[PDB]
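# Report on the structure
Each chain, letter by letter, is given below.
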Amino acid sequence: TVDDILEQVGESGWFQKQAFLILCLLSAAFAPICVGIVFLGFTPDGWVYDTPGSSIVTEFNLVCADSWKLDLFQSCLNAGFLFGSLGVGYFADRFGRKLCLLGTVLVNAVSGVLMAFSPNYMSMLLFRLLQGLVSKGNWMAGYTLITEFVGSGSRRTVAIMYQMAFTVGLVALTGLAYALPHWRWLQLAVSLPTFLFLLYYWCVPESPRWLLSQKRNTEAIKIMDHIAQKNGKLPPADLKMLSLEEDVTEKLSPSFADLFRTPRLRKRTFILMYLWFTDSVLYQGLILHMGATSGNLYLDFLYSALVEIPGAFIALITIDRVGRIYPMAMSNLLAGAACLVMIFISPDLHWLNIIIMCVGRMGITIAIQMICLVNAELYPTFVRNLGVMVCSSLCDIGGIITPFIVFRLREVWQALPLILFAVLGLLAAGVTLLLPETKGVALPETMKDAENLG
Ligand SMILES: CN(C)C(=N)NC(=N)N
């Protein structure tokens with residue numbers, strides 16, 4: 001199979017390290033497509049806006065349809081996510097993974113370049129929809145590819161280090177937003193590492209599991225000897241692409257074969273969609289809990305962006321031995337019991353508000369780090385379609401429902417949204433962390449996992 005030859009080969013070799021840096025340079029490009037609107041949505045105030053830079057609000061005249069503008073903008077981005085979920089979930093299974101990712105990166109690069117010189121607001125909306133759709137496809141495909149590519153005992157290292165790469169992408173976005181004469185300079189500076197990825201994407205291999213599922217043993221042997229020659233060692237071909245006698249046709253029934261696995265997979269994928277929805281809603285509620293500003297213009301966003309590194313390092317230290325479901329329970333209970341304190345009286349002589357908000361964030365970031373890792377480890381039949389469906393098709397619902405509901409609630413009553421978010425999160429997502437599946441150090445992706453699971 002793949003795990004035995006991966007253990008017999010260098011799982012963390014130097015070629016693996018340069019491929020890791022290349023897909024990390026992919027990972028830092030996912031910051032502004034999801035969170036960079038805060039650096040593009042400055043609203044300082046015949047309408048005159050006093051700011052040395054500019055924004056979309058300064059560019060247009062958003063004084064009577066300002067609420068109709070940005071809400072529809074982010075709703076169209078999340079609709080682009082909604083199309084892109086099913087789109088890449090079937091397209092990666094159809095035309096493979098690596099060529100899909102390369103073409104999708106090229107489309108992202110040309111779409112960002114054309115976004116930098118957007119003529120009209122209709123072009124703005126269309127390009128934002130296409131950008132969101134493509135960028136979500138790129139990031140999820142890259143994360144799945146490198147989760148599969150690394151060996152058995154080093155999945156978490158890769159996953160947590162790429163969440164760290166996303167964090168340093170937000171940090172570099174905050175550092176870049178200091179030099180903001182127009183949004184165009186920011187977008188043009190962001191779009192250049194995508195071309196760097198395209199330039200240095202000629203020396204990256206495919207996914208051995210998906211390639212082996214195509215019964216192409218020759219190119220599997222080719223990529224194994226390429227990996228061995230890159231590390232400069234003779235490969236101990238114990239299996240020699242044995243393929244475990246796999247002959248099942250790829251994409252036989254994506255999400256249609258779950259009827260035979262109803263008592264064993266339906267409840268698991270349901271609780272996974274529940275946990276994704278809870279993470280998205282709680283995350284957005286904690287961002288809007290101050291409305292992305294608290295006495296500052298950039299320091300609040302840095303506090304909401306540099307908080308991920310302590311959570312990531314805590315996860316990397318913690319989840320090696322205790323498992324991957326107890327971290328879910330600890331993170332969920334900590335987030336709930338941290339956000340529940342804001343109902344109490346504000347700190348008269350201390351900083352309890354920022355303390356509970358930062359520890360709640362830490363809990364939510366530990367939860368989001370894991371949700372992706374356990375999703376990649378699970379859905380053993382085909383990790384692409386089902387994994388994207390649980391990842392993105394129940395996060396776009398959070399993106400379309402969560403800001404409108406909490407905005408209207410904070411317009412009418414502060415107490416209801418925080419209480420409902422805390423109750424739903426704490427109770428339901430702590431019940432959700434009650435072993436959806438048995439955890440194993442190995443990472444196979446065959447249907448034998450679905451029918452056995454140890
Ligand atoms: C990257 N995007 C869109 C997030 N909202 N991240 C998140 N922690 N839910």
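Residues numbered from 1 in each chain as written, not as in the entry; some residues may be left out. Heavy atoms only, no water. Residues with missing side-chain atoms left out of burial classes, pairs and counts.

Header annotation of the entry names cryo-EM as the structure determination method and lists the resolution as 3.87 Å.

As named in the PDB entry, the chain is Solute carrier family 22 member 1, taken from Homo sapiens. The record for the entry shows the title "hOCT1 in complex with metformin in outward occluded conformation". Here is the UniProt Sequence similarities comment for the chain, exactly as written: "Belongs to the major facilitator (TC 2.A.1) superfamily. Organic cation transporter (TC 2.A.1.19) family." (UniProt positions renumbered as here; feature names shortened; annotations may be inferred.)

## A word on the overall build of the chain
Each helix and strand in the chain was counted, giving 19 helices and zero strands. Principal-axis analysis of the C-alpha atoms places the extent of the chain at approximately 75 × 45 × 40 Å. (Helix = DSSP H or I, 4+ residues; strand = E, 2+ residues; numbered from the N terminus.)

## A closer look at the side chain of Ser111
Along the chain, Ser111 turns up in helix α5 (residues 98–116). Contact partners of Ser111, with chain neighbours within four places excluded, come to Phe127, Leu130 and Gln131. (Contact = heavy atoms within 4.5 Å.)

## Here's the deal with the packing of aromatic side chains
Aromatic pair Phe30 and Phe166: ring centres 6.0 Å apart, planes at 45 degrees, arrangement tilted. Three or more aromatic residues link up through ring pairs in this structure, and these residues are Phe30, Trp139, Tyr143 and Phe166. (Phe/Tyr/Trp six-rings, centres within 6.5 Å; stacked < 30°, edge-to-face > 60°.)

## Structural notes on the domain arrangement of the chain
Looking at the chain, the domain boundaries give domain 1 (1–245) and domain 2 (261–437). Distance from the C-alpha centre of domain 1 to the C-alpha centre of domain 2: 22 Å. At the interface, 36 residues of domain 1 touch 33 residues of domain 2. The set of elements that each furnish at least two residues to the side of domain 1 that touches domain 2 consists of α4 (66–94), α6 (121–149) and α7 (155–176). Looking at side-chain class alone, the side of domain 1 that touches domain 2 contains 19 nonpolar, eleven polar and six charged residues. (Domains from an automatic or database assignment. Nonpolar A, V, L, I, M, F, W, Y, C, P; charged D, E, K, R; others polar.)

## With respect to unusual backbone geometry
For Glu245, which is not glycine, the phi torsion reads 55 degrees and is therefore positive. Its location among the elements puts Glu245 in the loop between α10 (217–231) and α11 (262–288). Despite not being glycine, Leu453 shows a phi value in the positive range, around 55 degrees. Looking at the element boundaries, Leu453 is found in the segment after α19 (447–451).

## Quick look at the pattern of salt bridges
Notably, a salt bridge pairs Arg209 with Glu148, separated by 3.4 Å at the nearest N-O pair. Remark: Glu148 occurs in helix α6 and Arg209 occurs in helix α9 (residues 208–212); sequence separation between them is 61 residues. A salt bridge links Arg321 to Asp320; the nearest nitrogen and oxygen atoms lie 2.6 Å apart. (Salt bridge = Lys/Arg side-chain N within 4 Å of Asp/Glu carboxyl O.)

## Brief notes about the packing of helix α13 (residues 308–318) against helix α15 (residues 352–377)
Axis separation between α13 and α15 bottoms out at 9 Å; the angle between their running directions is 55 degrees. It follows from the interaxial angle that α13 and α15 lie oblique. Along this stretch, α13 crosses α15, giving a crossing that reads as right-handed. The segment α13 lies against α15, with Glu308, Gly311, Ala312, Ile314 and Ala315 engaging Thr365, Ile366 and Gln369. When grouped by side-chain class, the residues that make up the contact of α13 with α15 number four nonpolar, three polar and one charged. (Axes fitted to C-alpha atoms, helices over the stretch in contact; angles between N-to-C directions. Parallel < 35°, antiparallel > 145°, perpendicular 65-115°, else oblique. Left-handed = near helix turned anticlockwise from the far one by under 90°.)

## Description of the environment of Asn138
Mapped onto the elements of the fold, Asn138 is located in helix α6. Distance from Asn138 to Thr432, taken between C-alpha atoms, is 29 Å for residues 294 residues apart in sequence. Other than its neighbours up to four places away in sequence, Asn138 contacts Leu26, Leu101, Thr104, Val105 and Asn108. Among the polar contacts made by the side chain of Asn138, one reaches the main-chain amide nitrogen of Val105 at a distance of 3.4 Å. (Polar contact = N/O pair within 3.5 Å; in protein donor to acceptor, adjacent residues only side chain to side chain.)

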